[PDB]
Amino acid sequence: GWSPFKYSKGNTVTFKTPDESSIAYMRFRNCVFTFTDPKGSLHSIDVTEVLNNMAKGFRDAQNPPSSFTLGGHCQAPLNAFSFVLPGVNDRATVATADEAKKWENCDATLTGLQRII
Amino acid sequence: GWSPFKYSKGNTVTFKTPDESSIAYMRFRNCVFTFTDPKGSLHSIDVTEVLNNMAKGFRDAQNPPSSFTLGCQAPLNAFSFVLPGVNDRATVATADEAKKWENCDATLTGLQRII
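Numbering of residues starts from 1 on every chain and follows the written order of that chain's sequence, so it may differ from the entry's own numbering; residues lacking coordinates are omitted. Just so you know, chain letters begin at A and ligand numbers begin at 1, following the order they were written in. Hydrogens and water molecules were not included; the side-chain quantities draw on all heavy atoms of the structure.

X-ray crystallography is the method the PDB entry states for this structure, with the resolution given as 2.00 Å.

Here it is, written out as structure tokens:
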């Protein structure tokens, strides 16, 4: 059965199987990343397949993990840049660490449903 | 005020000012790119700022055109805009997989105006 989840700005976003079985069988539906920009406007994007692809990336793991964490190598907390919306928060549109500094107090949320098959 | 537009699969997508003025003053609102994948599932993306950014690319021009065309030019198709994780080049990375998208539907709707 599907289980909704909700993360907010600053969360370390870790997705875990309920019984420590393999993360590669974790599936997602209706996942929406929402954020504000420095002018205060809202942006949203469906990131369901990004998340499904992340779980499927563990298919070949010999020692299969029971979780995966969004940050990357530094478990980067959820912020306006956690998922790319082309034209808004991509590094062509925000091409500097200084330019990205303006987005430091913008809100961000991640909601969706997960399950294991 | 804002004017609606709508483009369908295989249309040549050209945005044109109505008075032959510079296209760098065209702006967009509520632009959504929708497409189907080879399995039949529907996908959508907000492409409002992608389109604003194309128009903005003409701000510095000495002799700006009165139009720009999504593009030589490629008619609207499932790859006309990128939805990360679905139709990007890391996800559809081989020629046999790309071929499966050839018949997929694609639609572009939004509002436009001169500012």
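Visitor: So what's going on with the pattern of salt bridges? Residues and values would help.
Guide: Whenever a carboxyl oxygen of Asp or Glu lies within 4 Å of a side-chain nitrogen of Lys or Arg, that contact is scored as a salt bridge. Applying the stated rule across the entire model yields three salt bridges over all chains. One salt bridge connects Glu-104 of chain A with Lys-101 of chain A, and the closest N-O pair in it is separated by 3.0 Å. Across the salt bridge formed by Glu-97 of chain B and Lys-100 of chain B, the nearest N and O atoms sit 3.3 Å from each other. Judged by relative accessible area, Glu-97 of chain B falls into the partly exposed class, the value being 33%. Each residue is assigned to one of three classes by its accessible area relative to the maximum for its type, calculated with a 1.4 Å probe on protein chains only: buried under 20%, partly exposed between the two thresholds, exposed over 50%.

Visitor: Give me the interface of chain A and chain B: which residues, what numbers.
Guide: Should any heavy atoms of two residues lie within 4.5 Å, those residues are counted as being in contact. The interface is formed by 11 residues belonging to chain A together with 11 residues belonging to chain B. Two parts placed together each lose some accessible area under a 1.4 Å probe, and the buried area is that loss summed for both. Both sides of the chain A and chain B interface together cover about 780 Å² of buried area, and 68% of this is carbon and sulfur. By the criterion of area lost to chain B, the three top residues of chain A are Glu-49, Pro-86 and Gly-87 of chain A, representing 41% of everything that side buries. Counting across the interface, chain A meets chain B through zero salt bridges. Polar contact criterion, stated in full: a pair of N or O atoms within 3.5 Å, where within protein one must be able to donate a hydrogen and the other to accept it, and residues adjacent in sequence count only if both atoms are side-chain atoms. Remark: the boundary between chain A and chain B carries two residue pairs in polar contact. For the side of chain A that touches chain B, the elements supplying multiple residues, two or more each, are β4 (42-46) and α1 (48-56) of chain A. Secondary structure elements follow DSSP: runs of H or I of four or more residues count as helices, runs of E of two or more count as strands, with numbering from the N terminus. Considering every element that reaches the side of chain A that touches chain B, the biggest residue donor is α1 of chain A, with three residues. Ten residue types, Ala, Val, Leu, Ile, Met, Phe, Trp, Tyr, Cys and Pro, are classed as nonpolar, four, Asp, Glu, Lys and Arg, as charged, and the remainder, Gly among them, as polar. Within the side of chain A that touches chain B, the residues separate by chemical class into six nonpolar, three polar and two charged.

Visitor: Which residues make up α1 of chain A, and what values do they have?
Guide: Along an α-helix, residues three or four apart share an orientation, since each turn contains 3.6 residues. Within the span of α1 of chain A, buried status applies to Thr-48, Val-50, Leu-51, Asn-52 and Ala-55 of chain A. Where the residues of α1 of chain A are buried, they touch β1 (3-8), β2 (14-16), β3 (26-36), β4 and β5 (67-69) of chain A.

Visitor: Explain the environment of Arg-59 of chain A to me, and be specific about the residues and the numbers.
Guide: All names here are of chain A. Looking at where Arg-59 falls in the secondary structure, it is placed in the loop between α1 and β5. Of the residues examined, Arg-59 reaches a relative accessible area of 62% and is grouped as exposed. Between the C-alpha atom of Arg-59 and that of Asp-90, which follows or precedes it by 31 residues, the distance is 28 Å.

Visitor: Give a description of the packing of aromatic side chains that names residues and reports values.
Guide: Any two rings among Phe, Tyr and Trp, with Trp reduced to its six-membered ring, count as a pair given centres within 6.5 Å; such a pair is stacked if its planes are under 30 degrees apart, edge-to-face if over 60, and tilted if neither. With the rule as written, the count across this model stands at 24 aromatic pairs over all chains. Ring geometry for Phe-28 of chain A against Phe-68 of chain A: centres 6.1 Å apart, planes inclined by 75°, an arrangement best described as edge-to-face. Taken together, the residues span a long stretch of sequence, with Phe-28 of chain A in strand β3 and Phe-68 of chain A in strand β5 at a distance of 40 residues. Where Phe-28 of chain B meets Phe-68 of chain B, the ring centres are 6.3 Å apart and the plane angle is 70°; that geometry is what we call edge-to-face. Here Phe-68 of chain B lies in strand β5 (residues 67-69) and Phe-28 of chain B lies in strand β3 (residues 26-36), a separation of 40 residues in the sequence. In this pair, the class of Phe-28 of chain B matches that of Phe-68 of chain B, namely buried. An aromatic cluster is built from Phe-5, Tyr-7, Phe-15, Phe-28, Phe-58 and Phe-68 of chain A, whose rings are joined through pairwise contacts. Its guanidinium or amino end placed over the ring of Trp-2 of chain A, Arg-29 of chain A lies 5.7 Å from that ring's centre, counting from NZ or CZ. Between the NZ or CZ atom of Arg-91 of chain A and the centre of the ring of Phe-81 of chain A, over which it lies, the distance is 5.1 Å. The rule is short: NZ of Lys or CZ of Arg within 6 Å of the ring centre and within 35 degrees of the ring normal puts a charge over the ring.

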